[PDB]
Amino acid sequence: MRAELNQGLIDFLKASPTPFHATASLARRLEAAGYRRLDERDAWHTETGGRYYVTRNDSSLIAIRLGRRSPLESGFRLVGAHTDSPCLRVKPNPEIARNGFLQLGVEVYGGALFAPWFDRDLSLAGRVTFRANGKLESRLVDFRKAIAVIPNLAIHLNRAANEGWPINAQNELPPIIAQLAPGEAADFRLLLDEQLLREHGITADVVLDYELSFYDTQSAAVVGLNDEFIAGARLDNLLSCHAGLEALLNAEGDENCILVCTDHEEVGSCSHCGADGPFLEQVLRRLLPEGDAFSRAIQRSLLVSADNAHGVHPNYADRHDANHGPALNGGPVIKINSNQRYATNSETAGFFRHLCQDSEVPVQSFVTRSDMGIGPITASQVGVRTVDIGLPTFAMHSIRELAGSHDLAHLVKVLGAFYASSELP
Amino acid sequence: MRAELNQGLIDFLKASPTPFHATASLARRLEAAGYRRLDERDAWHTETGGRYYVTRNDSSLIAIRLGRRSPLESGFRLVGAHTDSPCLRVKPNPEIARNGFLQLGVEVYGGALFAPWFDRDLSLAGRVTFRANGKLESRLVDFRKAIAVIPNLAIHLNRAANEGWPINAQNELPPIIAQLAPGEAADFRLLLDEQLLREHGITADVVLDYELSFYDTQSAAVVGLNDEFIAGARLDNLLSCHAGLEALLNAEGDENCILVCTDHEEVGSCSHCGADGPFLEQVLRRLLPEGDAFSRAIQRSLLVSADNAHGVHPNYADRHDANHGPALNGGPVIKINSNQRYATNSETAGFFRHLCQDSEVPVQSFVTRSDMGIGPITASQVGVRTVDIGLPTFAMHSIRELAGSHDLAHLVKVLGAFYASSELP
Amino acid sequence: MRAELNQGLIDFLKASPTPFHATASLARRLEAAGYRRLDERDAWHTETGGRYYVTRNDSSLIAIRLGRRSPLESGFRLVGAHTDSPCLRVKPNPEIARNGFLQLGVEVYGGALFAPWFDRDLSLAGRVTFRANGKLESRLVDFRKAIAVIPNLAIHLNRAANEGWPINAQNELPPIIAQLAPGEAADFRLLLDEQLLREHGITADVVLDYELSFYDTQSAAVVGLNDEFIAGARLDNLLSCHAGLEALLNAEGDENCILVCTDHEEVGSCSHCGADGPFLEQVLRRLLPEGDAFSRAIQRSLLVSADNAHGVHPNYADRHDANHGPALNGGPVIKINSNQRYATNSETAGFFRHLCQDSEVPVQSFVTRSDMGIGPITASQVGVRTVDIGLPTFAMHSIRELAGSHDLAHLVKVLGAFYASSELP
Ligand SMILES: [Zn+2]
Ligand SMILES: [Zn+2]
Ligand SMILES: [Zn+2]
Ligand SMILES: [Zn+2]
Ligand SMILES: [Zn+2]
Ligand SMILES: [Zn+2]
């Protein structure tokens, strides 16, 4: 059922307010399915038929199904996605006290659209690092309830509001979380300490640092007269993580299947744990002999880089090429850009397109208007052929994005077919 | 305590997506409390101690509680508010069919902030006028389900989105409600016919015209670390309708109490339907003898004109006068403006300020900055002394506004004291 | 003594006018301390307790102390800095003869602030490549004495000078080094030939090419009423090279310690010998077995990326976030940017912050104002966890920068503690 898949997506989104939580949610499903967690510090002893996963920074995840045939001779079938989404992150000395409020200073992470973050019931989640019994450790928190808001200024006090103004992030985006009594101090670290106790039963000696993201408490939901759509934060790109996961868990065949979901894509993938890092490469090498084996394996592999595409928006149709306007619910989009903003080529495109035909999934094509500006990055790190595809969406980088409610099922089906395909060379 | 009043506010907002629904929700409460509906076409026979309400256009409502002393000799204690809120309304020939979608053309009603309407799960409600069995009639509909969305354009296709642009309402605000099959015709009036059957069991011969408002399906909610806040559409001015109602229904004493909630305030009033139409005057005259009575009664009356004020916003604090920055949860604000943008005067202010003190409710003062730019309308109709007050809020005319969670109780308390107050200035 | 450390810094800066000289100065201290130079062309035979260093391009240096425990099981403790600083470099056909002067045409290297280069007594140093007895070779030169000046134009001939104008580098930055007699030719290569003889006793057959940087002859100096400050060119980032070196040479414990100081950071680190090159990676791999060993080692390692931070400047305080304005002499700054302009995360931040606490060194936090723009690069090359820290400074990329005179000692102490720390996983 599309309906079961879509509900599964809504659940996953709800459990995944930050890249740490997305990674943990992926890990829980994998383990329930029998996948064994490996640690990058240990020597591994994997084998044919094994089901494994590994993480790095608790925010990037690689899932591995080793097939019957070795990667050396049959290659890997890889699906790539990303765990991060543009949002607001709490600063390290964040307490702002003004006009009787307590606010938290925020950085903008990734290319967020600012306006939609206003007038939303926000909570806060992510990683907290602390010392307990002279031991340094980390946990995830999620306050869950709506503790914050970034309100708009009344139109009465900003009469040209609808003219547009340059929203200044330093000044306009700090959320209000509380009011302070006369002479009441404010200690955010103390609030985190309370949350650690409440959520984990832990008392910290001291809260040191954290990576906390504001997020919307409004769950994702089906929308539309005929339930055509799905609305929710983080569709870019938890939509693809979830699809890629369902495809891996249900895939037939006995190929070598990889699900790589990396952090830091919204920011250029350049970290210890991003796609422009050697995470993927160092995991794959561990599944092969030394020498030429990795190079040979990779030239028999294909990466399907799954990241949301732009549907043609009816109130802004002129932002698309008239020949390449994807329809929501018209299936996955093959993304082409010969300037290598996407890595797709005629062979990767052709293979995917054929795969969609054999699976009876509709398929679409996108290029940008020629007067407008992980695929290329991972191709360039490990050298693997890549097709960039995505489900068509609107309002990418909003706090609440829109996709087609038929498209997840289309994508799970074709990814399932990819992962089961014994042929690529 | 009044988690009770707040939950009742949340419930009332949910049942009141349009002015028509707000009027119906007010009426259902008043009837539950014993108030009898009069009709403006009939001669009335009212009496001492009687509890009455009347409507006009099904969108404005006046509730009347007649005390023991005649209006002539003890005046009226009036509380004024309004039933309308800025929003988006369906055009009369609305169907727009483009890039495989069905959209509905919309007018902007009142001074709406455009941006917040984007990326929200919208439903649709209001009055439908139709012919059934040869006769003309009206019903309210509320689809309830989230059938519509106005999505943002991806930041990738609008890269200076955050620098601001002038949102064009004709082009960017039509909501998407569906996708159409190739050759599939779109008929909105037919969709209304189905909603009429579904919601009222009525089948129409022909659906003629309607006044339908899009609205947000996310309910109002308490927000903030210590539940300091309430967030929701239509606080302006359903917050005051609800407060006034509660005060009227619970007030002690013996006085002649009026609750006047008019439509069309957000567009200057100036319909048949108020507040500088003659609805209020024509109802009040009917409670008195002919002659000098109305004029005498009105000179012994006071109107407390309740409409939301602007709290000082900490991310935009220079938009207030530093001496006149109301705090959420700081209590009702007395609104002062010498150019009669508010009708408050030293006597109506002083009396209200005194009422708050005796009720132990905190009270605040607002004037605008002297370099920046309902009470006056109704004082100027009828001639009544007026104090303009309001609970302090943020983001007024957004789709989701913010108030203090303590302020509703504060307001109900003082309005109750006003209604029970045997003398005035 | 802070005083001995600071004098050591002043000496090191004086000996290090170019990245080649910085590298040579580091190498001389290391050798005096018993570190043995390895050559990247040779097979290495290193062992526990060994003290080694290697260079690449004579401008990047890696210093290695092998501990008792193998890197495989205890990881590396790495401190990263850079040998290069923004400056002016002589062009390859540089002789400009105009109005009786001889000038040298210059490129701007890195993001130099132009104005401060004017009206300074400059000398010239760096690498010269030549042929002597049919053999190609390189030496360093340093003219030492003040042979050049870039004078300002008199304010009298540029009366709006203080209004600001766009200093054109091609036209305004060539330094004057001499006056030419009527019909005297000018041969810069010949001058270099003389300098080779004078400085090294070498006669070249022909001077081919060179990488020569102008530099300030004014030594670094303590400044301030209470000697609070240190002023000098190249604090960014010879300040960190020097600190990192002192910490390595004095470190207790028996961990695996690395000091990586790379060239070309001011320009994006993208060279044979920069941090975006494989220098570091290829050295570290040589200290480990083949296979998974390097990956495992790296996931037990931590990089402390030490590069100067911005103190809050009292004449420009609004360029900082009010909550994150580091004080000179307030200790090292932990640099955070969730967009990965720094690689620090809650774990690397927390570990460093704790390390400062156990060492009794004050520690500070920096993020940028949210409306403003080697760590991430090396994390992304080798995959290592990284904390970006820096001593707070002013006037970065001037010819004369300012730091706190207490801060070097603070940084040496904490780096010493890092290098001696047996725990990170
Ligand atoms: Zn994406
Ligand atoms: Zn994105
Ligand atoms: Zn209002
Ligand atoms: Zn209004
Ligand atoms: Zn630097
Ligand atoms: Zn620099």
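Residues numbered from 1 in each chain as written, not as in the entry; some residues may be left out. Chains lettered and ligands numbered in written order. Part of a larger assembly, values for the part shown. Heavy atoms only, no water.

A word on the coordination of the zinc ion (ligand 5)
All names here are of chain C.
No. 1: Protein coordination at the zinc ion (ligand 5): the donors are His82 (NE2), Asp236 (OD), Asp307 (OD) and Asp307 (OD), at 2.0 to 2.4 Å from the metal.
No. 2: Angles of 58 to 154° at the metal separate the 4 donor atoms of the zinc ion (ligand 5), which places the site in the irregular class.
No. 3: Every donor residue of the zinc ion (ligand 5) comes from the same chain, spaced as H-x153-D-x70-D.
No. 4: Between the zinc ion (ligand 5) and the zinc ion (ligand 6) the interatomic distance amounts to 3.3 Å, and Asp236 serves as a bridging ligand to the pair. Residue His82 is found in strand β4 (residues 76-82), and its partner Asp236 is found in helix α6 (residues 235-250); the two are separated by 154 residues along the sequence. The same class applies to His82 as to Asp236, namely buried. (Donors = N, O, S within 2.8 Å, 3.2 Å for Na, K, Ca; no water. Tetrahedral: all angles 85-135°; square planar, octahedral: opposite > 155°, others 65-115°. Helix = DSSP H or I, 4+ residues; strand = E, 2+ residues; numbered from the N terminus. Buried < 20%, exposed > 50% of the residue type's maximum accessible area, 1.4 Å probe, protein only.)

Some points on the domain arrangement of chain A
Residue and element names in this part refer to chain A.
No. 1: According to the domain assignment, chain A consists of domain 1 (1-85 + 219-425) and domain 2 (86-218).
No. 2: Just the C-alpha atoms count here: the centres of domain 1 and domain 2 sit 30 Å apart.
No. 3: Taken together, the contacts link 23 residues of domain 1 with 24 residues of domain 2.
No. 4: Here domain 1 packs against domain 2, burying approximately 1900 Å² in sum over the two surfaces, 59% of which is carbon and sulfur.
No. 5: When the buried surface of domain 1 facing domain 2 is broken down by residue, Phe20, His397 and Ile399 rank first, second and third, together holding 34% of it.
No. 6: Along the contact surface separating domain 1 from domain 2 lie 0 salt bridges.
No. 7: Where domain 1 touches domain 2, the interface holds 8 residue pairs in polar contact.
No. 8: Split by residue class, the side of domain 1 that touches domain 2 holds 7 nonpolar, 8 polar and 8 charged. (Domains from an automatic or database assignment. Contact = heavy atoms within 4.5 Å. Buried area = accessible area lost by both parts, 1.4 Å probe. Salt bridge = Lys/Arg side-chain N within 4 Å of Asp/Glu carboxyl O. Polar contact = N/O pair within 3.5 Å; in protein donor to acceptor, adjacent residues only side chain to side chain. Nonpolar A, V, L, I, M, F, W, Y, C, P; charged D, E, K, R; others polar.)

Points about the pairing of strand β8 (residues 135-142) of chain C
Every other side chain in a regular strand lies on the same face of the sheet, so the side chains alternate between the two faces.
Residue and element names in this part refer to chain C.
No. 1: Where strand β7 (residues 122-132) lies against β8, 8 bridges are found, and the strand directions are antiparallel. Among the inter-strand pairings, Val128 is bridged to a residue of β8, identified as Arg139.
No. 2: Between the antiparallel neighbours β7 and β8 lie 2 residues, among them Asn133 with a positive phi of about 50°. (Pairing = 2+ DSSP bridges.)

Quick word on the pattern of salt bridges
No. 1: Applying the stated criterion across every chain yields a total of 53 salt bridges over all chains.
No. 2: When the shortest N-O distance is used, the salt bridge between B:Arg400 and A:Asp121 registers 2.9 Å. One end of the pair, B:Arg400, is in the loop between β19 (392-394) and β20 (401-404); the other, A:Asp121, is in the loop between β6 (101-109) and β7 (122-132), on a second chain. Accessibility classification places B:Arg400 together with A:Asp121 in one group, the buried group.

Let's talk about the coordination of the zinc ion (ligand 6)
Residues and elements named next belong to chain C.
No. 1: Only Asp236 (OD), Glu266 (OE), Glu266 (OE) and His397 (NE2) from the protein coordinate the zinc ion (ligand 6), and they sit 2.0 to 2.4 Å from it.
No. 2: Here the zinc ion (ligand 6) binds 4 donor atoms, and the angle range of 57 to 146° at the metal identifies the geometry as irregular.
No. 3: Look at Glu266 and you get buried, because its relative accessible area is 13%.
No. 4: Taking the relative accessible area as the measure of exposure, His397 reaches 17% and is therefore buried.

Let's talk about the packing of aromatic side chains
No. 1: Taken as a whole, this structure holds 16 aromatic pairs over all chains when the rule is applied.
No. 2: Each ring, one from A:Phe101 and one from B:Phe229, has its centre 6.3 Å from the other, and the planes form 40°; the classification is tilted. Placement of the pair is A:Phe101 in strand β6 and B:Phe229 in strand β12 (residues 229-232), with the two residues belonging to separate chains. Take A:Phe101 and B:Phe229: they sit in the same class, and that class is buried.
No. 3: Ring geometry for A:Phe188 against A:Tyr210: centres 5.2 Å apart, planes inclined by 85°, an arrangement best described as edge-to-face. Here A:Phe188, found in helix α5 (residues 188-200), pairs with A:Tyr210, found in strand β10 (residues 206-216); they are 22 residues apart in sequence, far enough to count as distant. (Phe/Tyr/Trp six-rings, centres within 6.5 Å; stacked < 30°, edge-to-face > 60°.)

Here we look at the side chain of A:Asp209
No. 1: Relative to the elements of secondary structure, A:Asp209 occurs in strand β10.
No. 2: Within the structure, the side chain of A:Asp209 is placed 3.4 Å from the backbone nitrogen of C:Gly350, a separation counted as a polar contact.
No. 3: When sequence neighbours within four positions are dropped, the list of residues in contact with A:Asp209 reads A:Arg127, A:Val128, A:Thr129, A:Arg189, C:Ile336, C:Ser346, C:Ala349, C:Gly350 and C:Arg353.

Here's the deal with the arrangement of the chains
No. 1: By number of contacts, the leading pair among the 2 pairs of chains in contact is chains A and B.
No. 2: No part of chain B reaches chain C; the closest C-alpha pair between them is 11 Å apart.

A closer look at the relation of the copies chain B and chain A
No. 1: For the pair chain B and chain A, the superposition axis carries a translation of 0.0 Å, the fit reaches an RMSD of 0.3 Å, and the rotation angle comes to 180°. Overall, the copies show the geometry of a two-fold rotation axis. Measuring from the rotation axis to each C-alpha of chain B, the shortest distance belongs to B:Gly164, at 2.0 Å.
No. 2: When the interface residues of chain B are mapped onto chain A, 99% of them again lie at the interface, so the same face is used by both copies. (Least-squares fit on C-alpha atoms.)

So, the UniProt feature "binding site: Zn(2+)" in chain A
No. 1: Mapped onto this numbering, the UniProt entry gives "binding site: Zn(2+)" at A:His82, A:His156 and A:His397.
No. 2: Judged by relative accessible area, A:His82 falls into the buried class, the value being 0%.
No. 3: One polar contact links the side chain of A:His82 to the main-chain carbonyl oxygen of A:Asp84, over a distance of 3.0 Å.
No. 4: For A:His156, the location among the structural elements is in the loop between β8 (135-142) and α4 (169-172).
No. 5: Under the relative-accessibility criterion, A:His156 is labelled buried at 15%.
No. 6: Beyond its immediate chain neighbours, meaning those up to four positions away, A:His156 contacts B:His310, B:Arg341, B:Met396 and B:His397. (UniProt positions renumbered as here; feature names shortened; annotations may be inferred.)

A short note on empty space enclosed by the protein
No. 1: Taken as a whole, the largest cavity holds about 320 Å³ of empty space.
No. 2: As for the largest cavity, its lining consists of 24 residues, of which A:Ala115, A:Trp165, A:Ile167, B:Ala115 and B:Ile167 are closest to the centre.
No. 3: Across the lining of the largest cavity, the residue classes break down as 17 nonpolar, 6 polar and 1 charged.
No. 4: Quantified by volume, the second largest cavity comes out at close to 200 Å³.
No. 5: Every residue lining the second largest cavity is counted, 19 residues in all, and those nearest its centre are A:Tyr210, A:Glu211, C:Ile336, C:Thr344 and C:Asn345.
No. 6: Going through the elements one at a time, β5 (87-98) and β10 of chain A are the ones with two or more residues in the lining of the second largest cavity.
No. 7: It is β10(A) that provides the largest number of residues to the lining of the second largest cavity, a total of 4 residues. (1 Å grid on protein atoms, 1.4 Å probe; cavity = no way out; pocket = protein on both sides within 12 Å on 5 of 7 lines; lining within 4 Å. Points joined across faces, edges and corners; volume = space filled by probe spheres on them.)

Observations concerning the environment of C:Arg77
All names here are of chain C.
No. 1: The topology assignment puts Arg77 in strand β4.
No. 2: A residue is classified by how much of its surface remains accessible, and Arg77, at 1% relative accessible area, is buried.
No. 3: Along the chain, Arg77 and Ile298 lie 221 residues apart, while their C-alpha atoms are 9.8 Å from each other.
No. 4: Ignoring sequence-local partners within four residues, the contact set of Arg77 consists of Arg69, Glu255, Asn256, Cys257, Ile258, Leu302, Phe418, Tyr419, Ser421, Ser422 and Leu424.

Some details on the interface of chain C and chain A
Accessible area lost when the parts come together is the quantity often used to give the size of an interface.
No. 1: Counting residues at the interface gives 40 residues for chain C, matched by 43 residues for chain A.
No. 2: Carbon and sulfur atoms make up 48% of the area that chain C and chain A hide from each other, which totals about 3400 Å².
No. 3: Area buried by chain C at its contact with chain A is led by C:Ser338, C:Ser346 and C:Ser370, which between them contribute 16% of it.
No. 4: Counting across the chain C and chain A interface gives 4 salt bridges.
No. 5: Between C:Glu347 and A:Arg127 there is a salt bridge, with the nearest N and O atoms lying 3.7 Å from each other.

A short note on the sheet that holds strand β18 (residues 386-390) of chain B
Sheet strands pair via backbone hydrogen bonds, and the direction of the pair is either parallel or antiparallel.
Residues and elements named next belong to chain B.
No. 1: Taken together, the 9 strands give an open sheet; going across it, the order is β1-β2-β3-β13-β4-β14-β18-β16-β17, and neighbouring strands pair in mixed fashion. Two strands bound the open sheet, and with one partner strand each, they are β1 (36-38) and β17 (364-366). Each strand axis lies, on average, 25° off the axis of its neighbour in the sheet, ignoring direction.
No. 2: As defined by bridge partners, strand β14 (residues 302-306) adjoins β18 across 4 bridges and the pair is classed as parallel. By the bridge assignment for β18, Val304 is matched with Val387.
No. 3: Running over the sheet, helix α2 (residues 19-32) touches β1, β2 (51-56), β3 (60-65) and β13 (256-262) and is turned about 20° from β3.
No. 4: Together, β3, β4 (76-82), β13 and β14 form the strand contacts of helix α6 (residues 235-250), whose direction differs from that of β4 by roughly 150°. (Axes fitted to C-alpha atoms, helices over the stretch in contact; angles between N-to-C directions.)

A look at the relation of the copies chain C and chain A
No. 1: Rotating chain C by 120° and translating it 0.0 Å along the rotation axis places it on chain A, where the RMSD comes to 0.0 Å. This pairing of chains is accounted for by a three-fold axis. Within chain C, the C-alpha atom positioned nearest to the axis of rotation is that of C:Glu290, 4.7 Å from it.
No. 2: Taken together, the interface assignments show that only 2% of the residues at the interface of chain C recur at the interface of chain A, consistent with different surfaces on the two copies.

Side note on the interface of chain B and chain A
No. 1: The interface of chain B with chain A comprises 72 residues on the first partner and 73 residues on the second.
No. 2: Across the chain B/chain A interface, buried area totals approximately 6400 Å², and carbon plus sulfur atoms make up 56% of it.
No. 3: Contact with chain A buries surface across chain B, with B:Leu157, B:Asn162 and B:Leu225 losing the most and accounting together for 11% of the total.
No. 4: In this structure, A:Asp227 and B:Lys145 form a salt bridge, with 3.0 Å as the shortest nitrogen-oxygen distance.
No. 5: In this structure, the connection of chain B to chain A is made through 49 residue pairs in polar contact.
No. 6: Elements that contribute at least two residues to the side of chain B that touches chain A include exactly β6 (101-109), α4 (169-172), β9 (176-179), β11 (221-223) and β12 of chain B.
No. 7: It is β9(B) that provides the largest number of residues to the side of chain B that touches chain A, a total of 4 residues.
No. 8: Residues that form the side of chain B that touches chain A fall into these classes: 40 nonpolar, 20 polar and 12 charged.

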